[PDB]
């Protein structure tokens, strides 16, 4: 089948029974390629690079799960197999290239293979997020959907001076609060930068936050800022301060 026994399940959930209002989501948490795919025709370097995952993002998400007493739902396999922040209609869902790197494992995928990945990785991930949100709503609880991502410092010959991106779709409430709260911060913090809904990166927000009117934000962290445990802890504290204050301002 799709997974070996030892590989476990597509979807990880930590702090399932957390009391916190924040629901943390990390689609690019893991670089793991299911055994059936081998290398996808890629080099060891590309497989250990940001092509395969958002380095630092799950680590930061875990730290935020502790600080916010917040459930964390994460994908246990690589975005190279299926980018769970993309619908199956998008060319980026199962990408034929990562930057300058061709992905033979994603060459012109046939119908059985697109279905296989969609069924095994994408639907279970989103279904679980949805199940948790429905359950919270049934208990009358506030849900704040927060996705955690990292981004590469150099993109297409340009160095990105943005350090933290505050991303949002047609609901800007949390984002606005966080961006206002970030005035004067030592980090370069910007709205929908390096990506925004224009780039197709707000899919998860479109699936889970917007249809239910839930506060939400997507957080992008430049990956050099979260490269070891100390940096991760630091950035996690910064964001706990910023988003906690933001949420308090909004409830006023």
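Residue numbers count along the first chain shown, from 1.
Relative to one another, 195-203 and 58-66 have unequal mean CA B-factors, and 195-203 is the one with the higher figure. Once the C-alpha B-factors are averaged per stretch, 217-225 and 44-52 rank with 44-52 first. For the set 79, 149, 156, 117, the PDB entry puts the maximum C-alpha B factor at 156. Highest CA B-factor among the listed residues (123, 112, 96, 72): 96.
Per the deposited record, the Cα B-factor of residue 86 falls in the lowest third when ranked against the other modelled residues of its chain. Residue 25: CA B factor lies in the lowest third for its chain, per the PDB record. Per-chain ranking of the deposited C-alpha B factor places residue 136 in the highest third. When the CA B factors of the chain's modelled residues are split into thirds, the value for residue 128 lands in the middle one. Among all modelled residues in its chain, residue 104 ranks in the middle third by Cα B-factor.
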